[PDB]
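Protein chains in written order, with full-length UniProt numbering: chain A, 250 to 349; chain B, 1 to 100; chain C, 1 to 440; chain D, 151 to 200; chain E, 1 to 50; chain F, 300 to 399. Note that CB positions come from ideal geometry on N, CA and C, so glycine has one too. Okay, so here's the structure we're looking at.
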């Protein structure tokens, strides 16, 4: 997982990555998002089993107001968002990090 | 009840840059000589960027008649979760997940 | 009657360079030793470039006989519109096209205790509309004298082939004009300044400029392709997304060749779509700043209303007259992604967009306005809100909340202004919104 | 009142429903992105210094 | 060709006689009392003629 | 008469806590009259000599170098005739109307 601004820079300025474009055997699959909101995080290399996201509820219910003559829709989403500590996870930090 | 707008212009929230109509009119073959032979280019330039608020336009043959809307298009654009491939199944009953 | 030419030469409008015949004759094995063994090379050199005006040539065996024409070829070359793939269907009846877009909403946490009294709350969906109309009407005029043309041809097949060639020429002219109009649409959009401008240096200034331009284009395409979408790549300030196969980069051949040759990444990623979308090549933009335009397939809103051909006959002159009428709507959509890469001096702020363009409020209600500023730099700018309705008691705050006085009858105009000029010489960019007052 | 054809009316209603689903997907993406930031803040990652 | 009309009102060729719009509201026991219960009388009378 | 009805419906709701029914009868209608049909008032009180003046082209579109003819019909309650004065309130110099 990396951002587009840095991914384009690496792709253009590194000939190895430019040659190994849209390829999986070179550094796994690539996911592009908009920033990490962290002062040090640059890229994150994780495993498919790292995410432990599950769903508990996904439903929609509708009610009717006859005085106003309208329908009111509610969409309820309940889910578990967690990570697994048994999976591989590396974070590339480009700042001043502690020794340990 | 009855909501109407009056004295509305086609240049409400735009910022002119170089007045393309006048550029085409006074272009001495510099760059707009391609658009010079084009006929009814001013009409395209007037409403080529879309109209935010529309008004009734009378027919060019019989003034007493108005022009109707011949097509209605609804933009159907779907937004997807980039990280949805990492989602697992569903848990109807219970709250706690144990990993061994 | 009888039109003939005399004393015509085979070197009418040519400019000799080095007299290849004499060069071959006097070549001492330098470079024309390959053509020296060739026989009857002078005959090839005389008429190898074609004859503009031909004359009767007598037979070499019997002088009294002339040489006939053994083959007639009609050049059938078709000209196509490069941007024809962006055309939509046809509209037989009506003039106006309405486009409706629905935006996303917020999220509320689950609160059973709170939901006791607010079961019947009203939430207003975010809906925006755009309007287009027919703006191109034209026709093409041609004349054919079949009776007089029958002399120039011997075979019917060739006669009808020539007639079909004339018709195809008419269609080619129509296609060229359509391409010119579609190209003019982009220039009109840029002149009106509804594009999202990315400021770059001159690509031809240095090698690093080319790679910086490629990096910026790739980053912009990647950000546009993101599935979650964004609100900073369209003129309506609405959250929307694009597809990598739906992205089109319109650029000119002179710059495209430069980038392809001088950038190894683009050279490796040639004739590929996943790298910066599809590529369209045209001849210039007729704009002093425009270099390349990255648009979406839905950006073009071109429709057709009429495409017909009608023919009349003049019997006194014995000829046919053909008219080809083309009526179509040429417009663009402000809901689609559109980025323009400009390599000149651009203003700090391109435009300011107020989220609700048109609104209607009661005499005691309030309205919230959101301002999106399209700035070419990384700096931030403070907006100022004002209302020019005129009536007292109607007040707008710095945040963007407008409260309407209890009694007036006047259309309100709301202006969000950004000052980008220097001191004692202000330069204001204003975004406008229209508010109507319900009688209550 | 704003529509003439039923097909367009139901199309607009379905567009509203799809907008709801799009908002749900965007929120889910935001939560999944927040998970990584929370992990980094808690410092359970293996950090490579560059 | 694009023919548009700006700032037009529904009083082009209308020469009102007694202004029913306010004659109804400023009516106390007269023959106009029948239209007092009408809630949408003003809206009906605004564009009733055409 | 050009009277039509757009909506005629009834909605019912029940309050389990209060044990009662609420009925809402919604009526939406359009009420208008046509100016293309004959109509006579037969007024007995004092009436003005002239009731109204009708211009035959109510809406017209004209070229910048063109001319347009107008016709006036006066509704008179007596056999006496009246003259018509034509005026134009465009305000632009060079545009004027004749007495006919």
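Taking the alpha-carbon positions, what's the residue i to residue j distance?
i	j	result
residue 39/E	residue 356/F	36 Å
residue 273/A	residue 130/C	43 Å
residue 55/B	residue 290/A	53 Å
residue 78/B	residue 239/C	11 Å
residue 172/D	residue 304/F	38 Å
residue 313/A	residue 121/C	11 Å
residue 339/C	residue 276/C	13 Å
residue 251/C	residue 196/C	16 Å
residue 163/C	residue 283/A	60 Å
residue 198/D	residue 86/B	24 Å
residue 353/F	residue 50/E	15 Å
residue 310/F	residue 247/C	50 Å
residue 361/C	residue 391/C	15 Å
residue 200/D	residue 214/C	26 Å
Below 8 Å CB to CB, which residues in the same chain sit around residue i once its five sequence neighbours on both sides are set aside?
i	result
residue 364/C	404, 406 and 440
residue 46/E	10 and 21
residue 205/C	none
residue 348/C	375, 376, 377, 379, 381 and 420
residue 69/C	none
Taking the CB atoms as reference points, tell me whether residue i and residue j lie closer together than 9 Å.
i	j	result
residue 83/C	residue 217/C	no
residue 98/C	residue 71/B	yes
residue 367/F	residue 375/F	no
residue 271/A	residue 299/A	no
residue 286/A	residue 187/D	yes
residue 469/C	residue 226/C	Look at the range of chain C in this structure, 1 to 440, and you will see that residue 469/C is not part of it.
residue 341/A	residue 267/A	no
residue 435/C	residue 373/C	no
residue 35/B	residue 191/C	no
residue 75/C	residue 134/C	no
residue 44/B	residue 184/C	yes
residue 4/C	residue 136/C	no
residue 63/B	residue 429/C	no
residue 80/C	residue 180/C	no
residue 414/C	residue 383/C	no
State buried or exposed for residue i, treating a residue as buried only when at least 16 other CB atoms are found within 10 Å of its CB.
i	result
residue 327/A	exposed
residue 13/C	exposed
residue 141/C	exposed
residue 203/C	buried
residue 58/B	buried
residue 156/D	exposed
residue 318/A	exposed
residue 432/C	buried
residue 370/F	exposed
residue 307/C	exposed
residue 6/C	exposed
residue 479/C	Here chain C comprises residues numbered 1 to 440, so residue 479/C is not present and cannot be evaluated.
residue 100/B	exposed
residue 104/B	Any question about residue 104/B goes unanswered here, given that chain B covers just 1 to 100.
residue 385/F	exposed
Using a cut-off of 8 Å between C-beta atoms, extract the partners of residue i located in chain I.
i	result
residue 83/B	The question asks about chain I, but that chain is absent: this structure's protein chains are A, B, C, D, E and F.
Can you give me the Cβ contacts of residue i inside the same chain, cut-off strictly under 6 Å, excluding the 5 residues immediately before and after it?
i	result
residue 169/D	none
residue 253/A	281
residue 351/F	374
residue 389/C	410 and 412
residue 393/C	405
Below 7 Å CB to CB, which residues in the same chain sit around residue i once its five sequence neighbours on both sides are set aside?
i	result
residue 30/C	none
residue 401/C	366 and 368
residue 333/F	301
residue 344/C	288 and 289
residue 242/C	224, 225, 296 and 337
residue 278/A	none
Are there three or more Cβ pairs, one per stretch, closer than 8 Å when the stretch 321 to 328 of chain A is compared with the stretch 23 to 39 of chain B? no
Any contact between the stretch 261 to 269 of chain A and the stretch 207 to 227 of chain C? By contact I mean 3 or more CB pairs, one from each, below 8 Å. yes
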